[PDB]
Amino acid sequence: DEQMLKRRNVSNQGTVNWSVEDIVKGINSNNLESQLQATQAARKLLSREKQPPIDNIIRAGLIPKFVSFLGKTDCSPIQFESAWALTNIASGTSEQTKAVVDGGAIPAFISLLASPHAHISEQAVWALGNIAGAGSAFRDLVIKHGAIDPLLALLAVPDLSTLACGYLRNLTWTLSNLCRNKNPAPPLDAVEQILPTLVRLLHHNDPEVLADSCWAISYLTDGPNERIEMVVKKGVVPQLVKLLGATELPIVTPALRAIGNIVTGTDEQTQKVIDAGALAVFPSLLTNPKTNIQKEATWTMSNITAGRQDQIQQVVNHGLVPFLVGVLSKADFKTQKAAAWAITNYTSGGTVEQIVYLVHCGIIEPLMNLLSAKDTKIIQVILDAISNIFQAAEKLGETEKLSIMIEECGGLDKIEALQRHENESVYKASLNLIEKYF
């Protein structure tokens, strides 16, 4: 969604605004201090607000020199300037990150993780996050070069609060990029190795560390059940439900994404989210002023209403059915679509009593109103739900009350209209209901 994939560091009048040919001249001199000044000039060009000249720097053949400067243990300032220059190259397009990787940067950044200068190992952390951020293959190449052990060692402190706050936020972000992307997902053993440090970051009290830790957890739960399970067995679901309640939207967004992923897994995994209390935050989520939260919260509901009857029952007992009626009545169209699915899944799996309750909450009229939509998938969905609700009505002998109700509010006028609908599944279902109940 919205965590940044790559980040440029954009944070001595002698090195302001040099031309690239001057930078090349300094870097080719045989003089370490001249090389240092010219590298800092390159860093300033790459750090400016607007259009840093990344392609010109690459075209000038500078990356291999910067990369040999990362090895200059005797001259920490040039390690730091070149680490920052290369971080900012690796922040651009794929092909710009690839040029940094192709110069041999990855093992050179990984040696700088051990640097005694915090500003330098922090830039090395940042660079490796931009490299992993370019894609699965570079992510796994960073891993194969052994980045994870020295990354985690930087967080191996009794209390995360003693680390500088910018430094901890860089580390958390780079670790979330090692959890990100999917074809393929990160190696199972790398995920196992990273998870305990993640679970600890998710209890930290910095809002940016919290947001990025939750994004990492959301990546790790976005996959098959086996991937969800390794996160859920670490016991993080209660902490995630707590963060779902936070005031800051950059924290709610990824906590909700992770919870929404966890409930696409097994009924047992979906239960952990119910047991942890998640359903009590849904009245707010489903009325959230941020349309993406309301949309995701409703998709999350639809995967819970696709659960067992005792799970549909918890949705009922938390008072969430009137909130689904609310979202079906008035919401962004994409959220109404998600609510339509949530209703169809509810009616497909719920008992007679649970389905009757839905009609008592006023599901019928906003469902019919949506039969007007120019979206032929939601029409299938609704017709499906109507058919399901009729079926429960038959089992009580009340089919006629429902028909009157559907007709009462303009419904029949649209199930009829939809027999001449240019999709096949549509008019089938239509015709069926019309002749089966009207």
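Check the entry above for the structure.
Residues numbered from 1 in each chain as written, not as in the entry; some residues may be left out. Heavy atoms only, no water.

## Re a negative patch on the surface
Where like charges cluster on the molecular surface, the negative patch consists of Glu407, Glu408, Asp413 and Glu416. Turning to its location among the elements, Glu416 is positioned in the loop between α27 (412-415) and α28 (424-437). Classification of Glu416 by relative accessible area gives partly exposed; the value is 39%. (Patch = residues over 30% accessible without salt bridge, like charges linked within 9 Å, V, L, I, M, F, W, Y side chains within 5 Å. Areas by Shrake-Rupley, 256 points an atom, 1.4 Å probe, with all protein chains shown as cover. Salt bridge = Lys/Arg side-chain N within 4 Å of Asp/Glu carboxyl O. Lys, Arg positive; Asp, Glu negative; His and termini not counted. Charge placed at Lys NZ, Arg CZ, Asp CG, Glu CD. Helix = DSSP H or I, 4+ residues; strand = E, 2+ residues; numbered from the N terminus. Buried < 20%, exposed > 50% of the residue type's maximum accessible area, 1.4 Å probe, protein only.)

## Overview of unusual backbone geometry
For residues that are not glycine, phi is negative in most cases, and the peptide bond is trans in most cases. Going from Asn183 to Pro184, the amide bond is cis rather than trans, its omega being 15°. Mapped onto the secondary structure, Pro184 falls in the loop between α11 (165-179) and α12 (188-202).

## With respect to the nonpolar core
Considering soluble globular proteins, one finds that nonpolar side chains tend to be buried as a cluster. The biggest cluster of nonpolar side chains holds 150 residues, and the ones touching the most others in it are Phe66, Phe109, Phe282, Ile363 and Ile386. For this core, the element with the highest residue contribution is helix α25 (residues 376-394), accounting for eleven residues. For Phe282, the contacting residues outside a window of four places in its chain are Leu244, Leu256, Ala297, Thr300, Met301 and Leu320. (Core = buried A, V, L, I, M, F, W, Y, C linked by side-chain atoms within 4.5 Å. Contact = heavy atoms within 4.5 Å.)

## Remarks on the packing of aromatic side chains
Remark: the centre distance and the inter-plane angle together describe each pair of aromatic rings, the angle taken between the planes. A complete count under the given rule lists four aromatic pairs for this structure. Centre to centre, the rings of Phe390 and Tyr437 are 3.8 Å apart; their planes meet at 10°, and the pair counts as stacked. Residue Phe390 is located in helix α25, and its partner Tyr437 is located in helix α28; the two are separated by 47 residues in the primary sequence. In this structure, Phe390 and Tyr437 share a single accessibility class: buried. Aromatic rings pair up to connect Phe390, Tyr437 and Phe438 into one cluster. The ring of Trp173 carries the charged tip of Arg7 above its face, separated from the ring centre by 4.6 Å. The aromatic ring of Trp84 is capped on one face by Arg43, whose charged end is 4.2 Å from the ring centroid. (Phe/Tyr/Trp six-rings, centres within 6.5 Å; stacked < 30°, edge-to-face > 60°. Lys NZ or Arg CZ within 6 Å of the ring centre and 35° of its normal.)

## Topic: the side chain of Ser121
Assignment of secondary structure puts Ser121 in helix α8 (residues 118-133). In this structure the side chain of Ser121 is engaged in a polar contact, spanning 2.8 Å, whose partner is the side chain of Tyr167. In this structure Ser121 touches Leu112, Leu113, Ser115 and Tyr167, once residues within four positions along its chain are discounted. (Polar contact = N/O pair within 3.5 Å; in protein donor to acceptor, adjacent residues only side chain to side chain.)

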